[PDB]
Every structure is written in structure tokens, then in C-alpha cells.
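One chain comes next, on its own, written out as C-alpha cells in the form deposited in one PDB entry.
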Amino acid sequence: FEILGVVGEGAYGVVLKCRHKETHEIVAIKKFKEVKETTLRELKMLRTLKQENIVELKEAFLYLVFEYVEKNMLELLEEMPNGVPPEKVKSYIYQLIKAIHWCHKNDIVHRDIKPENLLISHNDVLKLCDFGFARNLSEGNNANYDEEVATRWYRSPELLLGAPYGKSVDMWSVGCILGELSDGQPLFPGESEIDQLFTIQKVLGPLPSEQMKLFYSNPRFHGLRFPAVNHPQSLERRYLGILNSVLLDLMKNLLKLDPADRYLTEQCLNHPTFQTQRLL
């Protein structure tokens, strides 16, 4: 394997764009910078989680070599800064939901669903990557989070204010990505986590009472004002003329402030917006 470059580094290890010397195959090799989150789990999590919308473990040799995908969704949104075409919004989110469905069935919450970890193939096939930050639903009791700020923006209001993290928070990330794909803009951006609660409430309205109670019981937010909103702007108003109305209905169910009301994957896939997509 010759080394062709560095794909990325961050807080998860290092991914190297490498090429097999015999076969001119660009591959993405991950090694760490076992190491905090076990490559050993990942190589088995990626032994079960083999499906067309999850990254392929091509081989392993201390560590892991993946298929190389030239692009991710983060790059797409920079090149299409006002959103990708509406048909692509439905296609990518449907593929993303399918990958989450295959993760959630084996009781794996991905925990770092963001546009960087969504690769898009030359055939426009979405593939989920970076399972290092995950937790399986048994065992677990983990921290091992991605604490990057871009990751924060895809987190549930419950997780920001201190709750456990389950399948419902993975679905909240899907709704955040649906909106960003539609107009290119981060739905819930915040330099500070508290500023995010303003942006969550400015669209989805005042928070549930359980959540606003945990706010006043948490060390991280003490001493500071609550991001209160007089007159909220609904999702319907936020994406008026931008999103197909049937697709907007899926998003509303993805972004229920109370985690209990949130759609999980089977309801999302059987949602109306995918009827013709459910054939294709």
C-alpha cells in the first residue's frame, strides 16, 4: 500500500488515502491517533453491518482498510450551498434511514450522524462511516462521544440537556440533515450549546417541561439566561416552498421535541414520501 494522502484526522484516529501496489485500488485505511474505541468492535460491528448504505470493510491487516469514496455530504453542501435538488433530498435521506435501520436492528446507535460521515458514491449511493463513537444498546454505558462542535448541531435537545442517548436521538440527526440538504443551511446552529436551544425553540417551539427542568438542574448551564422565544417560526414556515410537503411531514415526526413522539426507522421507511422510492 502506497500512501496517497490524508483523508482526515480529528478525534477518531487517522484515515489515510492509500493504494494497493499490485492492484491500483484506492482504499481508506484507518489507524488511531483497543485504542480508546476498539478497532476490534468496529471490525465486528462492520462484519454484521454490511449493507449498501454502510461503508464496506474491504480487508483488515493491526487495523482497518475501507472502500474509498471520493465525496461526502459536507462537500456536496459546500458545492451546492443553497441545497441539493429535492429528489436528492429524498434519495439521500431514504438511504440514510435504511442504514440507520440496519444499525438499529442489531441494537447499534451510530451516535455521530453528520454530513462528514455520510459518503456519497459516484453512483450517488450514500454510505455511513465512522462507527468508532457508537454504543451498542446492551453493554455500553459509554461516554466515547464526538465532542466536536459540528457534531453538537445534530444532537437532540434531551442529549444537550443531559439525557441518555438512544435510537430516538439518531433519528433527530436525520431530521437535522433533511433540512440542511433542502436549503444548505444548518437547521440548529449554535456557537454555544445554549444558543442552540434558542435555535431549536425558535423553530420547534417551547421545550417540554421535563427538559426545561433538567436545564435548571444542570451544572453546565447555571448562571446563564434561558434562550426563551416569544413567537416561534414553525418548520412549515421555515421550509415553505423549499421542501415537498409530504417530506416535511416526515421531518416533523423526526424532530419531535419529546423523544417519545419521535418516529423510529420502520415508520420512517413506511412513510408516504417514499412510496415511489420504496420501489426503485
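Note that residue numbering begins at 1 and tracks the sequence as displayed. Rigid core: the largest C-alpha set superposing within 1.5 Å between the two forms.
Omitted from view is the form deposited in another entry, to which the following refers.
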Checklist entry - C-alpha of residue 235: shift of 2 angstroms or more between the shown form and the other one, rigid core aligned? => result no
Next on the checklist: Please determine whether the C-alpha atom of residue 252 is displaced by 2 Å or more between the shown form and the other one following superposition on the rigid core.
Outcome noted: no
Item to check | Displaced residue check between the shown form and the other one: residue 12, CA, 2 Å or over, core reference | outcome: yes
